[PDB]
Every structure is written in C-alpha cells, then in structure tokens.
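Listed below are the residues making up each chain.
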Protein chains: 2
Amino acid sequence: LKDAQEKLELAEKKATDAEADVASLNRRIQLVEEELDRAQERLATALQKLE
Amino acid sequence: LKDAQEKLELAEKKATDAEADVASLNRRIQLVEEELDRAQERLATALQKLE
C-alpha cells in the first residue's frame with residue numbers, strides 16, 4: 001500500500017500539473033490568435049493606404 | 001492497493017491525455033506565432049513603403 005499510494009500521489013500531481021499547463025496553453029492560443037487577427041487587419045489597412 | 005492501482009490507472013490515463021493536449025496546444029502556439037511573425041514583417045515592410 002505504501003508504494004501504491006506513492007504512485008497515486010505522483011500520478012495525481014502529474015495530471016493536475018498537466019491540466020494547468022493545458023489551460024495556460026489554451027489561453028495563450030486565444031491571446032496569440034487575437035494578436036494575429038489585429039496584425040492582419042493592420043496589414044490590410046496599410047496595404048490599402050500604400051496603393 | 002486495488003483502489004490505489006485503479007486510481008493510478010485513471011490518473012495516468014488523464015495525465016497522458018493532458019500531455020497530448022499540451023503537445024497539440026504548443027504546436028498551435030508555435031504555428032500561430034510564426035503567422036504573427038510573418039504578419040508583423042509585412043507590417044514593417046508596409047511602413048517602409050509608407051515612408
């Protein structure tokens with residue numbers, strides 16, 4: 001039981017940390033997508049003014 | 001020990017799933033980052049053309 005509970009603890013800690021990493025990466029994805037959209041809009045406006 | 005082993009299996013499956021999510025989300029992060037880099041390079045070229 002000592003080994004089994006230690007394995008349980010390590011697996012649970014790893015899964016929780018992985019979930020936190022997943023949430024952080026997803027919010028990073030949405031942030032970077034917003035920045036990309038703003039950059040594309042700026043590019044379009046700049047090209048029109050250039051022409 | 002039986003319950004501990006079952007929870008170990010569940011936790012390791014969930015952690016592997018979240019690790020795959022991490023891999024996918026980091027791939028998306030890098031790809032959108034590259035697209036944003038291209039967009040900002042285009043923006044810099046556009047400002048140069050404005051000048």
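Structure determination for this PDB entry is given in the record as cryo-EM, at a resolution of 4.9 Å.

Two elements in contact, helix α1 (residues 2-50) of chain A and helix α1 (residues 2-50) of chain B, have axes separated by 6 Å at closest approach and are oriented at 20 degrees. When the interaxial angle is binned, α1(A) and α1(B) end up roughly parallel. In the crossing of α1(A) with α1(B), the sense of the turn from one axis to the other is left-handed. Of the residues in the contact of α1(A) with α1(B), the class split is 27 nonpolar, four polar and 18 charged.

If you look at the interface, chain A gives 26 residues, while chain B gives 25 residues. Across the chain A/chain B interface, buried area totals approximately 2200 Å², and carbon plus sulfur atoms make up 85% of it. Counting the contacts that link chain A with chain B gives one residue pair in polar contact. Residue classes in the side of chain A that touches chain B are distributed as 15 nonpolar, two polar and nine charged.

Moving on to α1(B). Across its 49 residues, α1(B) extends 71 Å between first and last C-alpha, which sits within 8% of the 72 Å expected from 1.5 Å per residue. Along α1(B), the positions that sit buried rather than exposed are B:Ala4, B:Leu8, B:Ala11, B:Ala15, B:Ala18, B:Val22, B:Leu25, B:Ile29, B:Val32, B:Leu36, B:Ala39 and B:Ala46. The inward-facing, buried residues of α1(B) abut α1 of chain A.

Residues A:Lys13, A:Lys14, B:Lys7 and B:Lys14 make up a contiguous surface patch of positive charge. Only α1 of chain A together with α1 of chain B provide two or more residues apiece to the positive patch. As for its placement among the helices and strands, A:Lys13 is situated in helix α1. For A:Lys13, a relative accessible area of 36% translates into the label partly exposed.

Turning our attention to the environment of B:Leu47. Residues and elements named next belong to chain B. Here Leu47 lies in helix α1. A residue is classified by how much of its surface remains accessible, and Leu47, at 47% relative accessible area, is partly exposed. In sequence terms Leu47 and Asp21 are 26 residues apart; their C-alpha atoms lie 38 Å from each other.

Grouped together as the largest cluster of nonpolar side chains are 14 residues, with contacts concentrated most on A:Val22 and B:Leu25. Only α1 of chain A together with α1 of chain B provide two or more residues apiece to this core. Not counting chain neighbours up to four residues away, the residues in contact with B:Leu25 comprise A:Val22, A:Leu25, A:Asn26 and A:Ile29.

Each value, and the rule that gives it
- Residues numbered from 1 in each chain as written, not as in the entry; some residues may be left out.
- Chains lettered and ligands numbered in written order.
- Part of a larger assembly, values for the part shown.
- Heavy atoms only, no water.
- Axes fitted to C-alpha atoms, helices over the stretch in contact; angles between N-to-C directions.
- Helix = DSSP H or I, 4+ residues; strand = E, 2+ residues; numbered from the N terminus.
- Parallel < 35°, antiparallel > 145°, perpendicular 65-115°, else oblique.
- Left-handed = near helix turned anticlockwise from the far one by under 90°.
- Nonpolar A, V, L, I, M, F, W, Y, C, P; charged D, E, K, R; others polar.
- Contact = heavy atoms within 4.5 Å.
- Buried area = accessible area lost by both parts, 1.4 Å probe.
- Polar contact = N/O pair within 3.5 Å; in protein donor to acceptor, adjacent residues only side chain to side chain.
- Expected span 1.5 Å × (residues − 1).
- Buried < 20%, exposed > 50% of the residue type's maximum accessible area, 1.4 Å probe, protein only.
- Patch = residues over 30% accessible without salt bridge, like charges linked within 9 Å, V, L, I, M, F, W, Y side chains within 5 Å.
- Areas by Shrake-Rupley, 256 points an atom, 1.4 Å probe, with all protein chains shown as cover.
- Salt bridge = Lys/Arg side-chain N within 4 Å of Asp/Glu carboxyl O.
- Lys, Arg positive; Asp, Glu negative; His and termini not counted.
- Charge placed at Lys NZ, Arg CZ, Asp CG, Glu CD.
- Core = buried A, V, L, I, M, F, W, Y, C linked by side-chain atoms within 4.5 Å.

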